[PDB]
Structures are given as C-alpha cells and as structure tokens.
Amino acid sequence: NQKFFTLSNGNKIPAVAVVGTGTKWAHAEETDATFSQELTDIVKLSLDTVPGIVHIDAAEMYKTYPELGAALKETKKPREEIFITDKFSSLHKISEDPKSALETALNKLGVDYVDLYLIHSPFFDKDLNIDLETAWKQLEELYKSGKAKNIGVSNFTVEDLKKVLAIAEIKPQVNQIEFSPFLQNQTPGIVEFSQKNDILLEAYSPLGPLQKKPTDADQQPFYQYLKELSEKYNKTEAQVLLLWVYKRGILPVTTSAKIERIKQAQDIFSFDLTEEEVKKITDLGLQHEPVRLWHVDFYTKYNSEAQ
C-alpha cells in the first residue's frame, strides 16, 4: 500500500516521486526548444497505468511544460490521483517572479493548481528584480489563494532556510536537495537541521550510486551489500536505495526512461528494511567520496562536509 509523508500543515504527499520531466530524448543539434514525444509518452503511460497517487516532479527551468501539459490533458488519470510538484526558476530567469511563473504554468498544463510549488535555488539570477524574501511572500499568496496547495524550496542551505523562517508567515514545508548514499549532506548539516525543524526533505538523484557502477563494484562493500539486500527481498538495487531514502525520513525523487522502473519505484512500499539494514547502508555509503551531480559550481566547496 502507498505511503505518504505528512507536512507541517497536515497535508499528505506521496512518499515517492516516480515521474520527472527534467530528462528527455530529442534528435537535434539544439535539444532546447525541441518537443520530446518520448517524454510526453512516458509521462502519459505512467499517469494511465501506475497505481495509486502518482507524484510528478516538474520545473520551469526544464522547459518541458508542453510535454507535461499534453500528457495531463490526454491522461485518463483523475486529477485527485496526481500530485504535481513545480518549481520557480530562480537560478536562470524565465519569468519575472513566482506569481507569474505559476500562472504561465497552470495555463500550459491545463490545471488549476499545483500540489507543491518550490523556489528552485537560493542563488537568484542577477537579472531578477525580486529577492528571496519577496519571492517567498509571493509563494505564501499562491498558497493562500489555493493555486499552490503546498510551498517550499530547493537546494537551500541552513542559512538560506533561516532567512526564509525569519520573515515567513507560512513556514516552508519542503526542501528538495540532492541526497544519496554518496551525498548525505548536500550542504553542511542540512539534513539534521531540516528534520528537526519539521521541513520535509526531498532527495533528488538518490540513485546517483547506480548511474554507472565502477568495474570493481563487486569488491566494494557498499555494492556487495546492496546486491545482498536485493537478493534477500527479491527487489532491484534501485528499489532498495529508494526505500532506504524513505527510511531516512526523506522523499526520493526519481525518474526513468522505462515504465518498468517507474512501476518498481512506485512499488517500494511492498517491502521494508530493518533498522540494522538502514544503518548499514548509511555507514557503507559514508565511506565513499562525495558524488555531486547538481549545483556543482556552487556546492563543490561543501564536499568536505557532505559525507
């Protein structure tokens, strides 16, 4: 049965996000502003066939509202069975501000609200004429109006979260960070801070370790153990790592080209890990050097405290 996290405002969010719109397949020199049929196809197929509430992770910066919008319009899936995360692009300016960005998004996607809206980065584009405080206040208004059922941030440090909390009427409910066995603190102390302050973490790129296993993986304790757990529960290595993220109290955000892996991702709650197992993945993971896929130019300086 499907599991949910409860945010600080009492609302429920599916405890895994199985469909992402950040990744696509386009046969052209210039894949930007090429519509990807294959993306819209896998999104639609996922909405139509994956059981339970389907949690989709979208963002203004991905430039794939058209693909997403086509799927939402044609899907047989009821709106109440879809949880849509969307994100204002603060790192690279595309709209003036959040209020406009969401409006533009709602129109393209043909829905009347998103379930979760995030500020995508604390590193605001120099070209914006809004700062974090004002961007947040706009999210609080999108929240009060009901156009964002829930609001939050992404890739924020402790210091960035503290800035929001100092001016917030509505406390940010979510902080989506990169998190994996090989990156257990994107920035210093973020996980402990967030989880003590009732801010749900989402983990982007949790399957970093599985992107390409080194050749000598079978000599490495981490991968050996992951295979052992895979065989014990009769589940994929991916499923084990996604469930571990959940057991850490964090919401894994994953994506795949293959409907099989999307279904598998949704089905992680068909088994459980022991506390010993959870501890051991954590510990074995921490022995690896950090692997960072996102916000690399900004947060490479924090790699020393990431593991």
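Note that residue numbering follows the sequence shown and begins at 1.
Q | Between 178-186 and 209-217 (mean CA B-factor, as deposited), the higher | A | In the deposited entry, the stretch with the higher C-alpha B-factor mean is 209-217.
Q: Pick between 75-83 and 193-201: the one whose mean CA B-factor in the entry is higher.
A: In the deposited entry, the stretch with the higher C-alpha B-factor mean is 75-83.
Q: Could you tell me which one of 90, 234, 173, 154 shows the highest CA temperature factor in the PDB record?
A: Spelled out: the listed residue with the top C-alpha B-factor is 234.
**Q.** Given 119, 158, 116, 168, the residue at which the Cα B factor reaches its maximum
**A.** 168 has the highest C-alpha B-factor of those listed.
Q | Third of the chain, ranked by Cα B-factor, where residue 69 sits | A | It falls in the middle third of the chain.
Q | CA B-factor placement of residue 300, once the chain's modelled residues are sorted into thirds | A | Its C-alpha B-factor belongs to the lowest third of this chain's values.
Q | Chain-wide C-alpha B factor ranking for residue 250, given as lowest, middle or highest third | A | Lowest third - that is where residue 250 ends up once the chain's C-alpha B-factors are sorted.
Q: Report the third (lowest, middle or highest) to which the CA temperature factor of residue 259 belongs, ranking only the modelled residues of the same chain.
A: CA B-factor rank for residue 259: middle third.
**Q.** Record-listed C-alpha B factor of residue 271: chain third
**A.** Ranked within chain, residue 271 CA B lands in the highest tercile.
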